[PDB]
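Here is work_30.cif, consisting of mmCIF, C-alpha atoms and all ligand atoms:
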data_final
loop_
_atom_site.label_atom_id
_atom_site.label_comp_id
_atom_site.auth_asym_id
_atom_site.auth_seq_id
_atom_site.Cartn_x
_atom_site.Cartn_y
_atom_site.Cartn_z
CA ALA N 446 32.00 16.46 138.58
CA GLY N 447 30.98 14.48 135.46
CA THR N 448 32.65 14.54 132.03
CA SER N 449 32.87 17.92 130.29
CA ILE N 450 31.69 18.29 126.68
CA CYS N 451 32.70 20.90 124.11
CA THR N 452 30.23 23.39 122.54
CA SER N 453 28.96 23.28 118.92
CA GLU N 454 30.92 26.52 118.32
CA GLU N 455 34.09 24.87 119.62
CA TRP N 456 34.11 21.79 117.39
CA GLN N 457 32.66 23.55 114.32
CA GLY N 458 35.47 26.12 114.65
CA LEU N 459 38.09 23.37 114.64
CA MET N 460 36.47 21.77 111.60
CA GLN N 461 36.90 25.02 109.62
CA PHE N 462 40.48 25.57 110.82
CA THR N 463 43.34 25.82 108.36
CA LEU N 464 46.99 25.64 109.43
CA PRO N 465 49.41 28.37 108.16
CA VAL N 466 51.58 27.01 105.35
CA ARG N 467 54.87 27.92 107.05
CA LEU N 468 54.12 25.62 110.01
CA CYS N 469 53.61 22.55 107.83
CA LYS N 470 57.38 22.18 107.41
CA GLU N 471 58.13 23.03 111.08
CA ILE N 472 55.69 20.56 112.62
CA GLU N 473 57.77 17.64 111.18
CA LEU N 474 60.81 18.48 113.29
CA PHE N 475 61.47 17.01 116.81
CA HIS N 476 62.52 20.35 118.27
CA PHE N 477 59.32 22.09 117.20
CA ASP N 478 57.81 24.13 120.07
CA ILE N 479 54.04 24.55 120.01
CA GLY N 480 54.40 27.34 122.60
CA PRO N 481 53.97 30.42 120.35
CA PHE N 482 50.81 29.10 118.60
CA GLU N 483 48.13 28.50 121.30
CA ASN N 484 45.03 29.22 119.15
CA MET N 485 46.29 26.59 116.69
CA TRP N 486 46.92 23.71 119.08
CA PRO N 487 43.75 21.67 118.34
CA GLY N 488 44.26 22.32 114.59
CA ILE N 489 47.85 21.15 114.89
CA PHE N 490 46.55 17.84 116.31
CA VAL N 491 44.00 17.39 113.49
CA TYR N 492 46.83 18.05 111.01
CA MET N 493 49.11 15.44 112.60
CA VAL N 494 46.31 12.81 112.68
CA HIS N 495 45.56 13.57 109.00
CA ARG N 496 49.25 13.34 107.89
CA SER N 497 50.02 10.17 109.82
CA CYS N 498 46.75 8.27 109.49
CA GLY N 499 45.05 9.92 106.45
CA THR N 500 42.17 12.42 106.15
CA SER N 501 39.69 9.46 106.12
CA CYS N 502 40.90 7.63 109.25
CA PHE N 503 38.31 9.31 111.43
CA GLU N 504 34.97 10.98 110.61
CA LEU N 505 35.82 14.69 110.79
CA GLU N 506 32.90 15.75 112.98
CA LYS N 507 33.54 13.00 115.60
CA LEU N 508 37.29 13.79 115.58
CA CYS N 509 36.65 17.52 116.15
CA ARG N 510 34.12 16.84 118.97
CA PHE N 511 36.58 14.37 120.53
CA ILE N 512 39.50 16.82 120.43
CA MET N 513 37.65 19.84 121.84
CA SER N 514 36.07 17.71 124.58
CA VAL N 515 39.56 16.29 125.45
CA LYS N 516 40.77 19.93 125.81
CA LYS N 517 37.86 20.76 128.13
CA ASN N 518 38.72 17.85 130.50
CA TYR N 519 42.24 19.12 131.07
CA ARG N 520 42.35 21.33 134.17
CA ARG N 521 43.89 24.80 134.53
CA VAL N 522 46.98 23.47 136.33
CA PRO N 523 50.48 24.82 135.77
CA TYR N 524 52.05 21.86 133.91
CA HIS N 525 49.79 18.75 133.49
CA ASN N 526 47.50 20.60 131.18
CA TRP N 527 46.22 20.94 127.59
CA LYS N 528 49.51 22.44 126.40
CA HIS N 529 51.48 19.41 127.79
CA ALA N 530 48.92 17.03 126.09
CA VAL N 531 49.65 18.57 122.65
CA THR N 532 53.44 18.75 123.14
CA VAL N 533 53.45 15.06 123.99
CA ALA N 534 51.22 14.22 120.97
CA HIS N 535 53.50 16.30 118.70
CA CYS N 536 56.53 14.34 119.90
CA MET N 537 54.85 11.01 119.10
CA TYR N 538 53.93 12.37 115.62
CA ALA N 539 57.61 13.12 114.95
CA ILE N 540 58.61 9.63 116.18
CA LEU N 541 55.90 7.99 114.07
CA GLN N 542 56.69 10.00 110.91
CA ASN N 543 60.37 9.04 111.26
CA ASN N 544 59.53 5.34 111.84
CA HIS N 545 56.17 5.13 109.96
CA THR N 546 56.13 1.58 108.61
CA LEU N 547 57.34 -0.05 111.88
CA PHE N 548 53.85 0.67 113.23
CA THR N 549 50.43 -0.40 112.02
CA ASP N 550 47.65 2.06 111.10
CA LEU N 551 45.92 0.94 114.26
CA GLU N 552 48.97 1.64 116.39
CA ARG N 553 49.49 5.11 114.89
CA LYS N 554 45.96 6.32 115.50
CA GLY N 555 45.85 4.70 118.94
CA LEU N 556 49.19 6.24 119.98
CA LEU N 557 48.42 9.75 118.79
CA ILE N 558 45.12 9.62 120.66
CA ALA N 559 46.72 8.03 123.78
CA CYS N 560 49.28 10.90 123.93
CA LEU N 561 46.58 13.58 123.69
CA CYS N 562 44.65 11.83 126.46
CA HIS N 563 47.41 10.59 128.68
CA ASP N 564 47.15 13.20 131.49
CA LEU N 565 43.38 13.72 131.27
CA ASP N 566 41.77 15.39 134.36
CA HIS N 567 45.18 15.64 136.12
CA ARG N 568 44.74 17.64 139.36
CA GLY N 569 48.30 18.82 139.90
CA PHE N 570 49.01 16.02 142.48
CA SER N 571 51.41 13.07 142.21
CA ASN N 572 50.77 9.36 142.77
CA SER N 573 52.83 9.79 145.95
CA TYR N 574 50.39 12.38 147.30
CA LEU N 575 47.28 10.42 146.37
CA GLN N 576 48.52 7.26 148.06
CA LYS N 577 49.91 9.06 151.18
CA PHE N 578 46.59 10.77 151.92
CA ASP N 579 44.37 7.90 150.72
CA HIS N 580 42.47 9.83 148.05
CA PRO N 581 39.42 7.87 146.69
CA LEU N 582 41.44 7.33 143.50
CA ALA N 583 44.17 5.41 145.33
CA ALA N 584 41.40 3.17 146.74
CA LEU N 585 40.13 2.33 143.26
CA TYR N 586 43.51 2.07 141.61
CA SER N 587 46.14 0.54 143.90
CA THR N 588 49.05 1.15 141.50
CA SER N 589 49.66 3.62 138.62
CA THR N 590 46.86 5.56 140.24
CA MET N 591 46.52 8.70 138.11
CA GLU N 592 47.31 6.79 134.92
CA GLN N 593 44.41 4.35 135.44
CA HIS N 594 42.25 7.43 136.00
CA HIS N 595 43.56 9.03 132.77
CA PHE N 596 42.54 5.90 130.81
CA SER N 597 39.12 5.88 132.48
CA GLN N 598 38.63 9.55 131.44
CA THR N 599 39.68 8.66 127.87
CA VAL N 600 36.98 5.95 127.72
CA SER N 601 34.31 8.37 129.24
CA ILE N 602 35.01 10.87 126.44
CA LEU N 603 34.78 8.20 123.70
CA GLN N 604 31.37 7.32 125.19
CA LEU N 605 29.88 10.81 124.83
CA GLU N 606 27.30 11.06 122.06
CA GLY N 607 29.04 11.57 118.69
CA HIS N 608 32.58 11.36 120.18
CA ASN N 609 33.44 7.75 119.42
CA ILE N 610 36.16 8.04 116.79
CA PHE N 611 36.84 4.26 116.91
CA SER N 612 33.30 3.01 116.29
CA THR N 613 33.89 2.24 112.61
CA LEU N 614 36.63 -0.28 113.47
CA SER N 615 35.83 -4.00 113.42
CA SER N 616 34.91 -5.34 116.87
CA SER N 617 38.32 -7.05 117.01
CA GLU N 618 40.27 -3.92 115.94
CA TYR N 619 38.25 -1.82 118.43
CA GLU N 620 39.28 -4.06 121.33
CA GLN N 621 42.88 -4.03 120.03
CA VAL N 622 43.11 -0.24 119.84
CA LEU N 623 41.65 0.26 123.34
CA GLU N 624 44.38 -2.15 124.63
CA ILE N 625 47.04 -0.21 122.76
CA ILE N 626 45.77 3.00 124.39
CA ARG N 627 45.51 1.46 127.89
CA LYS N 628 49.01 0.03 127.79
CA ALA N 629 50.42 3.27 126.40
CA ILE N 630 48.77 5.43 129.04
CA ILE N 631 49.79 3.10 131.90
CA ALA N 632 53.33 3.17 130.56
CA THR N 633 53.53 6.94 131.32
CA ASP N 634 53.79 5.95 135.00
CA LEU N 635 57.46 6.72 135.52
CA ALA N 636 57.56 4.05 138.28
CA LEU N 637 57.31 1.46 135.44
CA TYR N 638 59.81 3.22 133.17
CA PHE N 639 62.85 2.08 135.21
CA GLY N 640 62.13 -1.64 134.78
CA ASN N 641 60.93 -1.26 131.19
CA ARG N 642 64.10 0.58 130.10
CA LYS N 643 66.36 -1.93 131.92
CA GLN N 644 64.62 -4.86 130.19
CA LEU N 645 64.84 -3.21 126.75
CA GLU N 646 68.54 -2.39 127.13
CA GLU N 647 69.11 -6.09 127.96
CA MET N 648 67.03 -7.36 124.99
CA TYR N 649 68.88 -4.91 122.68
CA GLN N 650 72.41 -5.72 123.90
CA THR N 651 71.86 -9.52 123.67
CA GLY N 652 70.07 -9.10 120.33
CA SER N 653 66.89 -10.84 121.45
CA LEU N 654 64.74 -7.74 120.80
CA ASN N 655 62.08 -8.73 118.25
CA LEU N 656 59.31 -6.39 117.04
CA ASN N 657 57.26 -9.36 115.75
CA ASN N 658 56.91 -10.40 119.46
CA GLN N 659 53.86 -8.62 120.99
CA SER N 660 55.42 -8.26 124.47
CA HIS N 661 58.51 -6.62 122.91
CA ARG N 662 56.35 -4.25 120.82
CA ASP N 663 54.41 -3.27 123.97
CA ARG N 664 57.75 -2.50 125.71
CA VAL N 665 59.06 -0.41 122.83
CA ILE N 666 55.82 1.48 122.70
CA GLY N 667 56.10 2.02 126.45
CA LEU N 668 59.48 3.66 126.04
CA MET N 669 58.07 5.80 123.22
CA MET N 670 55.46 7.04 125.65
CA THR N 671 58.14 7.96 128.23
CA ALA N 672 60.19 9.70 125.58
CA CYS N 673 57.19 11.76 124.44
CA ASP N 674 56.01 12.56 127.96
CA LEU N 675 59.43 13.91 128.96
CA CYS N 676 60.06 15.74 125.65
CA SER N 677 60.28 19.22 127.20
CA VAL N 678 63.86 18.19 127.95
CA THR N 679 64.54 17.83 124.20
CA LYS N 680 63.52 21.41 123.23
CA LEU N 681 65.85 24.39 122.84
CA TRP N 682 67.19 25.52 126.24
CA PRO N 683 64.99 28.58 126.75
CA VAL N 684 61.91 26.43 126.08
CA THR N 685 63.13 23.64 128.38
CA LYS N 686 63.88 26.16 131.17
CA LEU N 687 60.47 27.88 130.89
CA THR N 688 58.64 24.53 131.04
CA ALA N 689 60.68 23.56 134.15
CA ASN N 690 59.25 26.67 135.88
CA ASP N 691 55.74 25.29 135.21
CA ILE N 692 56.61 21.75 136.45
CA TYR N 693 57.99 23.20 139.69
CA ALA N 694 54.93 25.48 140.32
CA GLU N 695 52.98 22.22 140.51
CA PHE N 696 55.49 20.49 142.68
CA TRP N 697 55.67 23.43 145.13
CA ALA N 698 51.84 23.63 145.41
CA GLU N 699 51.74 19.92 146.31
CA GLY N 700 54.51 20.38 148.93
CA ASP N 701 52.51 23.27 150.44
CA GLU N 702 49.54 20.91 150.95
CA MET N 703 51.76 18.33 152.61
CA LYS N 704 53.02 20.93 155.12
CA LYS N 705 49.35 21.63 155.94
CA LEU N 706 48.93 17.90 156.64
CA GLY N 707 51.86 17.92 159.11
CA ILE N 708 54.43 16.36 156.80
CA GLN N 709 57.52 17.98 155.31
CA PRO N 710 57.79 17.43 151.51
CA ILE N 711 60.65 15.91 149.54
CA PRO N 712 63.06 18.73 148.75
CA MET N 713 61.96 18.82 145.09
CA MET N 714 58.51 19.84 146.22
CA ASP N 715 59.66 22.40 148.83
CA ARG N 716 59.42 26.04 147.63
CA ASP N 717 61.89 26.97 150.40
CA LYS N 718 64.51 24.77 148.77
CA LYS N 719 64.79 26.30 145.32
CA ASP N 720 68.61 26.31 145.61
CA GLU N 721 68.49 22.53 145.23
CA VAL N 722 66.69 22.62 141.85
CA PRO N 723 69.71 22.53 139.49
CA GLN N 724 71.23 19.49 141.22
CA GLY N 725 67.78 17.86 141.19
CA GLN N 726 67.59 18.45 137.44
CA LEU N 727 71.02 16.95 137.01
CA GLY N 728 69.85 13.85 138.96
CA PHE N 729 66.64 13.67 136.88
CA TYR N 730 68.58 13.84 133.54
CA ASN N 731 71.18 11.30 134.67
CA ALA N 732 68.67 8.81 136.14
CA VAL N 733 65.77 9.07 133.75
CA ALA N 734 65.94 11.34 130.69
CA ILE N 735 69.41 10.47 129.30
CA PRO N 736 69.00 6.68 129.67
CA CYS N 737 65.50 6.94 128.14
CA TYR N 738 66.59 8.70 124.96
CA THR N 739 69.80 6.61 124.82
CA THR N 740 67.90 3.35 124.69
CA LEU N 741 65.19 4.78 122.41
CA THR N 742 67.94 5.85 119.91
CA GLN N 743 69.45 2.33 119.91
CA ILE N 744 66.05 0.82 119.10
CA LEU N 745 64.79 3.62 116.79
CA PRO N 746 67.90 5.26 115.23
CA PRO N 747 65.97 8.15 113.66
CA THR N 748 64.96 9.40 117.18
CA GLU N 749 68.56 10.45 117.73
CA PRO N 750 67.81 14.25 117.67
CA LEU N 751 65.81 13.78 120.95
CA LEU N 752 68.98 12.36 122.59
CA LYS N 753 71.27 15.06 121.20
CA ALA N 754 68.92 17.77 122.51
CA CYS N 755 68.58 16.07 125.90
CA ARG N 756 72.39 15.97 126.18
CA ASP N 757 72.59 19.71 125.27
CA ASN N 758 70.12 20.49 128.06
CA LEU N 759 72.01 18.42 130.61
CA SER N 760 75.04 20.60 129.75
CA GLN N 761 73.02 23.74 130.40
CA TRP N 762 71.96 22.52 133.87
CA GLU N 763 75.64 21.77 134.53
CA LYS N 764 76.40 25.41 133.59
CA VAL N 765 73.77 26.59 136.07
CA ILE N 766 75.38 24.52 138.86
CA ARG N 767 78.83 26.03 138.05
CA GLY N 768 77.36 29.59 138.16
CA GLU N 769 77.70 30.17 134.40
CA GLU N 770 74.00 31.04 133.66
CA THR N 771 73.19 34.12 131.57
CA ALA N 772 70.00 36.23 131.65
CA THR N 773 66.69 34.34 131.87
CA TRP N 774 63.06 35.54 131.39
CA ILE N 775 59.97 34.17 133.13
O1 LIG N 801 58.87 17.18 131.17
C1 LIG N 801 60.18 17.17 131.72
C2 LIG N 801 60.16 16.78 133.17
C3 LIG N 801 59.17 15.89 133.61
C4 LIG N 801 59.14 15.51 134.96
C5 LIG N 801 60.09 16.02 135.84
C6 LIG N 801 61.08 16.91 135.39
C7 LIG N 801 61.12 17.30 134.05
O2 LIG N 801 61.98 17.40 136.25
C8 LIG N 801 61.94 17.11 137.68
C9 LIG N 801 61.23 15.78 137.97
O3 LIG N 801 60.05 15.65 137.12
NI NI N 802 51.08 11.57 133.81
NI NI N 803 52.36 13.66 131.01
#

Could you rewrite the structure in this file as structure tokens?
Amino acid sequence: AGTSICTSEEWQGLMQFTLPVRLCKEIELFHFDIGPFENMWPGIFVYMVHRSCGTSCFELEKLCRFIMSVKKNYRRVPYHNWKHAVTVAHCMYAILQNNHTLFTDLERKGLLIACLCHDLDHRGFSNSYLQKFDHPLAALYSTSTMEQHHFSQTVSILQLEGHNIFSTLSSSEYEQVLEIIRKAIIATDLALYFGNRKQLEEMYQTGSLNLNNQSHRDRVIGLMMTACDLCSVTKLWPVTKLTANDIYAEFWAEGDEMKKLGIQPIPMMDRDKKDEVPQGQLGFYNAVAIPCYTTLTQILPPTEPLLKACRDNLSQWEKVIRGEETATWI
């Protein structure tokens, strides 16, 4: 109930934080895994913002309050949590650094912030669940239900005293950046990904894709958001596999609630159907992840390492299906 706010100790601590020198080099790479460095995650975000947008893009105090308050409004759920927020932001940083001048200063700061915020106050339940059981949120937001809520949470945090990192923008640039963030967060609704990707593949293959056309830009940015949101599938296999365990803990908890409401879940959400998981992953990679990174690589050639890693992980799920897995730790 209400919007949570960080403590003075929390944001002052982030302000004083210094990143270890060895990580500077690592943070630039797509395959970088934030996993082993939990205490450093908010500092890693400050560092990314500073490298991409400059140390004077945001007032430091407001930025540190914003970040630690964003952390506090992520819930202690197995997957859609603070750790996922930072992984997705780190992916966008790597895409931006590799394609820096294609995007405006306004886009870069808006997109890094949109990624950190894009799953804010997630409860561990899908849009499917919310709409099936008529949660109050599905009443307010008929489509892209959680994603409209995530944007609303983003705006609530900007409105806390001393948290508005965008105040110093011109009134016109302020409206523009909030629209960038809104569109980017809405785009993380995978329901919209399928149409967006299909349209982009068409525009690319006919050569009509034009980044000077606002509706095209919006679409490319949309696909960036998908690519960052799904980026666990572009890490090294052990990291990808561990994250999948977290995703499924959420799914299985949702399916458990459905059974309580008299309805059997989709197999993916049924903890009594774990044998079906590897085939389900194969279907997910073939239908979503591979086409996403394939199209993104056509449009932004330097994102190619995301696609190569995704392909390597598809191969590992194929090994699992064939019974060729080796020892795994949980
Ligand atoms: O982050 C990778 C990822 C996101 C969503 C998924 C997923 C993996 O696998 C099963 C369906 O949903
Ligand atoms: Ni989401
Ligand atoms: Ni997400």

Produce a table with one row for each residue of range 458-502 of chain N that has an atom at most 10 Å from any atom of range 515-538 of chain N, each row naming the nearest atom pair and its distance in Å at one decimal; use all atoms listed in the file; arrange rows by chain and rising residue number; format as CSV.
residue,atom,partner,partner_atom,distance
N:472,CA,N:535,CA,7.7
N:473,CA,N:538,CA,7.9
N:474,CA,N:536,CA,8.9
N:475,CA,N:536,CA,6.4
N:476,CA,N:536,CA,8.6
N:477,CA,N:535,CA,8.3
N:478,CA,N:532,CA,7.6
N:479,CA,N:532,CA,6.6
N:480,CA,N:528,CA,7.9
N:483,CA,N:528,CA,8.0
N:486,CA,N:531,CA,6.8
N:487,CA,N:531,CA,7.9
N:489,CA,N:535,CA,8.4
N:490,CA,N:531,CA,7.1
N:493,CA,N:538,CA,6.5
N:494,CA,N:538,CA,8.2
N:496,CA,N:538,CA,9.1
N:497,CA,N:538,CA,7.3

Taking all atoms listed in the file into account, list the residues no farther than 7 Å from ligand NI 802 (chain N), as a compact mmCIF listing (two decimals) with C-alpha atoms, in the coordinates of the input.
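The result, stored in out-v5.txt:
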# COMPACT_ATOMS: atom_id res chain seq x y z
CA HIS N 563 47.41 10.59 128.68
CA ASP N 564 47.15 13.20 131.49
CA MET N 591 46.52 8.70 138.11
CA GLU N 592 47.31 6.79 134.92
CA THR N 633 53.53 6.94 131.32
CA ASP N 634 53.79 5.95 135.00

Requested in this report: Do a neighbour search on residue 721 in chain N at 8 Å with only C-alpha atoms, toss out local chain neighbours closer than 4 positions, and write the hits as a PyMOL selection string.
Outcome: chain N and resi 712-713+725

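With CA of residue 467 in chain N on one side and CA of residue 498 in chain N on the other, the separation reads 21.4 Å.
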
Please identify all polymer residues within 10 Å of range 540-554 of chain N, counting all atoms listed in the file, omitting same-chain residues fewer than 5 positions from it, and present them as a PDB file with C-alpha atoms, keeping the file's coordinate frame.
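Listed below is the output, result-v6.pdb:
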ATOM      1  CA  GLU N 473      57.770  17.640 111.180  1.00  0.00           C
ATOM      2  CA  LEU N 474      60.810  18.480 113.290  1.00  0.00           C
ATOM      3  CA  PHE N 475      61.470  17.010 116.810  1.00  0.00           C
ATOM      4  CA  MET N 493      49.110  15.440 112.600  1.00  0.00           C
ATOM      5  CA  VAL N 494      46.310  12.810 112.680  1.00  0.00           C
ATOM      6  CA  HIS N 495      45.560  13.570 109.000  1.00  0.00           C
ATOM      7  CA  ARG N 496      49.250  13.340 107.890  1.00  0.00           C
ATOM      8  CA  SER N 497      50.020  10.170 109.820  1.00  0.00           C
ATOM      9  CA  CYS N 498      46.750   8.270 109.490  1.00  0.00           C
ATOM     10  CA  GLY N 499      45.050   9.920 106.450  1.00  0.00           C
ATOM     11  CA  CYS N 502      40.900   7.630 109.250  1.00  0.00           C
ATOM     12  CA  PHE N 503      38.310   9.310 111.430  1.00  0.00           C
ATOM     13  CA  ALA N 534      51.220  14.220 120.970  1.00  0.00           C
ATOM     14  CA  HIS N 535      53.500  16.300 118.700  1.00  0.00           C
ATOM     15  CA  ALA N 559      46.720   8.030 123.780  1.00  0.00           C
ATOM     16  CA  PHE N 611      36.840   4.260 116.910  1.00  0.00           C
ATOM     17  CA  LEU N 614      36.630  -0.280 113.470  1.00  0.00           C
ATOM     18  CA  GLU N 618      40.270  -3.920 115.940  1.00  0.00           C
ATOM     19  CA  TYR N 619      38.250  -1.820 118.430  1.00  0.00           C
ATOM     20  CA  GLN N 621      42.880  -4.030 120.030  1.00  0.00           C
ATOM     21  CA  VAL N 622      43.110  -0.240 119.840  1.00  0.00           C
ATOM     22  CA  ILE N 625      47.040  -0.210 122.760  1.00  0.00           C
ATOM     23  CA  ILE N 626      45.770   3.000 124.390  1.00  0.00           C
ATOM     24  CA  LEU N 656      59.310  -6.390 117.040  1.00  0.00           C
ATOM     25  CA  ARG N 662      56.350  -4.250 120.820  1.00  0.00           C
ATOM     26  CA  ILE N 666      55.820   1.480 122.700  1.00  0.00           C
ATOM     27  CA  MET N 669      58.070   5.800 123.220  1.00  0.00           C
ATOM     28  CA  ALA N 672      60.190   9.700 125.580  1.00  0.00           C
ATOM     29  CA  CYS N 673      57.190  11.760 124.440  1.00  0.00           C
ATOM     30  CA  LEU N 745      64.790   3.620 116.790  1.00  0.00           C
ATOM     31  CA  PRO N 746      67.900   5.260 115.230  1.00  0.00           C
ATOM     32  CA  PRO N 747      65.970   8.150 113.660  1.00  0.00           C
ATOM     33  CA  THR N 748      64.960   9.400 117.180  1.00  0.00           C
ATOM     34  CA  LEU N 751      65.810  13.780 120.950  1.00  0.00           C
TER      35      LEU N 751
END

Report task. Can you work out the spacing between CA of residue 593 in chain N and CA of residue 514 in chain N in Å, to one decimal? Result -> 19.1 Å
